[PDB]
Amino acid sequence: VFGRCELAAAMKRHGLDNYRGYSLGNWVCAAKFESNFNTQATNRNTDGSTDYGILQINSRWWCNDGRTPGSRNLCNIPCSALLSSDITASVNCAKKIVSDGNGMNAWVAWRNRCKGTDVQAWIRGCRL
């Protein structure tokens, strides 16, 4: 479970600040509402897929969890890699997702809770 500023710093080190034009506060806001900053978060979807990790990346498209029929593994990783204390796999897969044409609208919590808001508040006070 990251602190806000700790996660901001880790995301910046791993290349998310202004990635595909999304400022760091967007990514921190998305992680807050997707996972509560918890790398171990998992949530099953209605359709049988599961969302994994700090950015709740979905097994329907992005990772293999062994139990999501007809799904793809576009990030080429086990979904468990998205639960690690090390956010590298989540960041690298999120870079692919955000590049795929719909930007951060892929993250429902971002669209509904971060988009259009003062996202820079999420990085206030942080040494990065």
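Numbering starts at 1 and follows the sequence shown.
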Tell me which of 62 to 70 and 24 to 32 has the higher mean C-alpha B-factor in the deposited entry. 62 to 70
Of 84 to 92 and 45 to 53, which one has the bigger average CA B-factor? 45 to 53
Would you mind ranking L16 by its C-alpha B-factor against the rest of the chain and naming the third, lowest, middle or highest? highest
Check where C79 lands among this chain's C-alpha B-factors and tell me if it's the lowest, middle or highest third. lowest
By the recorded C-alpha temperature factor, relative to the other modelled residues in its chain, which third is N105 in? lowest
Consider only the C-alpha atoms of the modelled residues in this chain, order them by B-factor as the entry records it, and name the third containing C114: lowest, middle or highest. lowest
